[PDB]
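Counting with the deposited numbering, you get residues 1 to 37, 47 to 296 for the letters of the sequence shown. What follows is a single structure, written as structure tokens, with notes after it.
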Amino acid sequence: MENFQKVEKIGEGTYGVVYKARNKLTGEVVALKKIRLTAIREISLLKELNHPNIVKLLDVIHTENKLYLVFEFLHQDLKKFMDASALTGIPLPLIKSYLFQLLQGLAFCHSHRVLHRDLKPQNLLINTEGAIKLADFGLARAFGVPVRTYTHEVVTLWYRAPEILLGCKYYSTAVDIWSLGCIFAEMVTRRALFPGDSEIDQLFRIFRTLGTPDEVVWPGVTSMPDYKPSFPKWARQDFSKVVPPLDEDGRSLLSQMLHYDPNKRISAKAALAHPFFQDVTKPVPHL
Ligand SMILES: Cc1nc2ccccn2c1-c1ccnc(Nc2ccc(OC[C@@H](O)CN(C)C)cc2)n1
Numbered sequence: 001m002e003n004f005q006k007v008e009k010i011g012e013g014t015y016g017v018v019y020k021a022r023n024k025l026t027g028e029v030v031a032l033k034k035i036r037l047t048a049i050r051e052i053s054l055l056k057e058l059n060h061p062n063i064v065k066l067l068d069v070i071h072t073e074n075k076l077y078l079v080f081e082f083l084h085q086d087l088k089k090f091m092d093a094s095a096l097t098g099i100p101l102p103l104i105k106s107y108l109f110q111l112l113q114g115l116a117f118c119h120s121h122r123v124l125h126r127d128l129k130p131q132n133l134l135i136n137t138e139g140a141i142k143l144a145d146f147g148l149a150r151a152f153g154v155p156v157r158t159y160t161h162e163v164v165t166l167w168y169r170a171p172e173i174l175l176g177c178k179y180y181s182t183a184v185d186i187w188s189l190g191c192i193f194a195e196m197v198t199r200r201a202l203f204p205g206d207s208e209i210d211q212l213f214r215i216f217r218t219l220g221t222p223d224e225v226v227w228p229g230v231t232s233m234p235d236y237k238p239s240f241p242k243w244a245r246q247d248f249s250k251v252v253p254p255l256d257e258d259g260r261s262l263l264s265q266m267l268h269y270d271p272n273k274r275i276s277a278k279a280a281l282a283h284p285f286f287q288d289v290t291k292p293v294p295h296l
């Protein structure tokens, strides 16, 4: 910390504040997250989890009842880009590029048995070249996903997999594919797919769109800890209605990313092979 010149506050994460900084000795420009504090061991392991579509974790500094995470610096987050693109939309080829790259990042982490578990537009970071990277990979497993952040902000439920909401204790890499599918839809329509404002509102929003799950589509669902037989039974909607602009390859991939049964939900690796990415390219974003 005596080693970093703080440049400016860039924001507030789930666990702590984030600063743009300059290493006072190497002159490296970084993003510095400061967390007011097994977690150290696990976080420290993430330094080897390196991929072009994962935000580089340069260093972990544990001193004085604080845990500092030193990240490579990216230009901005995807949420801000989506917000600035509200009136016109992010062009389809760029959406497809970002999804392709994000899936590469998931496939890498999942191959090493590391899940994110709390993906959302805010922790997807982009640069001016056309790249997109996943941040905060592995921090959920180390700290848990709390109800409120360190600043008492509500942690969003919009991207939470149904198996998590139904109280499953052992989630799989499928939870990240769900979240990523919800973000995909949001980029395409310029509205959140499932903007729930409580756990049951989140669940019932999913159900009104995808249909109330049963034993036919999801074996074991009725025996999950928070399943109630009294859940209203809603009919499944046609995807044609859910994400309309989107062509059939797009809808096919999204429907497979939103399968109820985690065991049937498409893997990141299988998703990369999907015909939607036949014509994928790497456009430069208009920021
Ligand atoms: C890892 C990480 N966590 C967070 C949490 C909040 C904000 C940033 N981060 C990062 C992080 C890591 C690497 N690079 C970046 N870049 C970055 C830069 C500027 C950003 O925007 C701030 C302004 O656009 C808006 N401001 C007025 C609120 C956001 C992210 N963020």
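Idealized CB from N, CA, C, for every residue including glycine.
Return yes when the C-beta of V18 is under 6 Å from any heavy atom of ligand 1, and no when it is not.
-> Residue numbering aside, residue 18 sits at position 18 when the sequence shown is read from its first letter. Yes, the Cβ of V18 comes within 6 Å of a heavy atom of ligand 1.
Hey, out of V17, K9, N3 and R36, whose CA is closest to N23's CA?
-> Here residue 23 corresponds to residue number 23 of the sequence shown, with the count starting at 1. Measuring from the Cα of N23, the nearest candidate turns out to be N3.
For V29, the first and last residue of its enclosing beta strand (DSSP E) | Indexing the sequence shown from 1 puts residue 29 at position 29. Element bounds for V29: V29 to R36.
Listed in chain order, which residues are found with a beta carbon closer than 7 Å to a heavy atom of ligand 1?
-> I10, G11, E12, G13, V18, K20, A31, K33, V64, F80, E81, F82, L83, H84, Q85, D86, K89, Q131, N132, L134, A144 and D145
Quick one: is the Cβ of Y159 within less than 6 Å of any heavy atom of ligand 2?
-> You won't find ligand 2 in this model; what it holds is ligand 1.
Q113 by DSSP, collapsed to three states: which one?
-> In the sequence shown, the residue the question calls residue 113 occupies position 104. Correct three-state label for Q113: helix.
Exposure of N272, with buried meaning 16 or more beta-carbon neighbours within 10 Å = Here residue 272 refers to the residue found at position 263 of the sequence shown. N272 is exposed by the Cβ-count criterion.
DSSP state of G11, grouped into three classes?
-> Translated into the one-based positions of the sequence shown, residue 11 becomes position 11. Note: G11 maps to strand in three-state DSSP.
Between residue 41 and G205, is the Cβ-Cβ spacing less than 7 Å?
-> Absent from the coordinates is residue 41, which sits in the stretch where the chain moves from 37 straight to 47.
Under three-state DSSP, which class holds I99?
-> The count along the sequence shown starts at 1 and reaches residue 99 at position 90. Reduced to three states, the DSSP call for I99 is coil.
Can the beta-carbon of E208 be found less than 7 Å from the beta-carbon of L175?
-> As a first step, residue 208 must be located in the sequence shown, where it is residue number 199. As a first step, residue 175 must be located in the sequence shown, where it is residue number 166. The answer is no: Cβ separation not under 7 Å.
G98: which of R199, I275, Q246 and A244 sits nearest, CA to CA?
-> Position 89 of the sequence shown, counting from 1, holds the residue named residue 98. Comparing Cα-Cα distances from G98 to each of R199, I275, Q246 and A244, the minimum goes to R199.
Give the DSSP bridge partners of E51, in chain order.
-> Counted from its first residue, the sequence shown places residue 51 at position 42. Answer by DSSP bridge pairing: none, since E51 is not bridged.
Can you round the beta-carbon distance between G27 and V18 to whole angstroms, since I take them to be within the 8 Å contact cut?
-> In the sequence shown, the residue the question calls residue 27 occupies position 27. In the sequence shown, the residue the question calls residue 18 occupies position 18. About 20 Å; that fails the 8 Å criterion.
Between the C-alpha atoms of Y180 and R50, what's the straight-line distance to the nearest angstrom?
-> Within the sequence shown, numbered from 1, the residue matching residue 180 stands at position 171. Within the sequence shown, numbered from 1, the residue matching residue 50 stands at position 41. Rounded to whole angstroms, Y180 to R50 spans 21 Å at the Cα level.
Pull up the CB-CB distance for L219 and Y269, whole angstroms please, since I reckon it's below 8 Å.
-> On the sequence shown, position 210 is the one that residue 219 refers to. On the sequence shown, position 260 is the one that residue 269 refers to. Sure, about 7 Å apart at Cβ, within 8 Å.
Output yes or no for whether 7 Å exceeds the beta carbon distance between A48 and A151.
-> As a working note, residue 48 is residue 39 in the sequence shown. As a working note, residue 151 is residue 142 in the sequence shown. Yes.
Given a cut-off of 7 Å, decide if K75 and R122 are closer than it, judged by their beta-carbon atoms.
-> Here residue 122 refers to the residue found at position 113 when the sequence shown is read from its first residue. Here residue 75 refers to the residue found at position 66 when the sequence shown is read from its first residue. Not a contact, by the Cβ cut-off of 7 Å.
Should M196 go down as buried or exposed, given a rule of 16 or more other Cβ atoms within 10 Å for buried?
-> If you number the sequence shown from 1, residue 196 lands on position 187. Flag for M196 reads buried.
Roughly how many angstroms lie between the CA atoms of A194 and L25, to the nearest whole one?
-> Reading the sequence shown from its first residue, position 185 is the one you call residue 194. Reading the sequence shown from its first residue, position 25 is the one you call residue 25. The straight-line gap from Cα to Cα measures roughly 44 Å.
Can you check the stretch 132-211 for any alpha helix (DSSP H) of at least 4 residues that lies completely inside it and give the ranges in chain order?
-> 148-152, 171-174 and 183-198
Can you tell me which of the three DSSP states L76 falls into?
-> Here residue 76 corresponds to residue number 67 of the sequence shown, with the count starting at 1. Here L76 sits in strand by DSSP.
For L134 and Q85, the rounded distance between their alpha carbons = The sequence position of residue 85 within the sequence shown is 76, counting from 1. The sequence position of residue 134 within the sequence shown is 125, counting from 1. Their Cα atoms are separated by approximately 6 Å.
Cβ-based neighbour list, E224, same chain, cut-off 7 Å, excluding 5 preceding and 5 following | Walking along the sequence shown from the start, residue 224 turns up at place 215. For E224, where only same-chain residues beyond five positions count, the Cβ hits under 7 Å are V230 and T231.
Cross-strand partners of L66 (DSSP beta bridge) | In the sequence shown, the residue the question calls residue 66 occupies position 57. In DSSP, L66 forms a bridge with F80.
Relative to the C-alpha of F117, which residue among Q287, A277 and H283 is closest?
-> Looking up residue 117 in the sequence shown gives position 108. Out of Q287, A277 and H283, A277 has the C-alpha closest to the C-alpha of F117.
Do you know how far the Cα of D210 is from the Cα of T221?
-> Here the question's residue 221 lines up with position 212 in the sequence shown. Here the question's residue 210 lines up with position 201 in the sequence shown. Roughly 13 Å separates the two Cα atoms.
Do you know how far the Cα of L267 is from the Cα of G190?
-> On the sequence shown, position 181 is the one that residue 190 refers to. On the sequence shown, position 258 is the one that residue 267 refers to. Each residue's Cα considered, the two are about 7 Å apart.
Residue span of the alpha helix (DSSP H) that contains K24, given as start and end | Taking the first residue of the sequence shown as position 1, residue 24 is located at position 24. Here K24 belongs to no alpha helix (DSSP H), and DSSP marks it neither H nor E.
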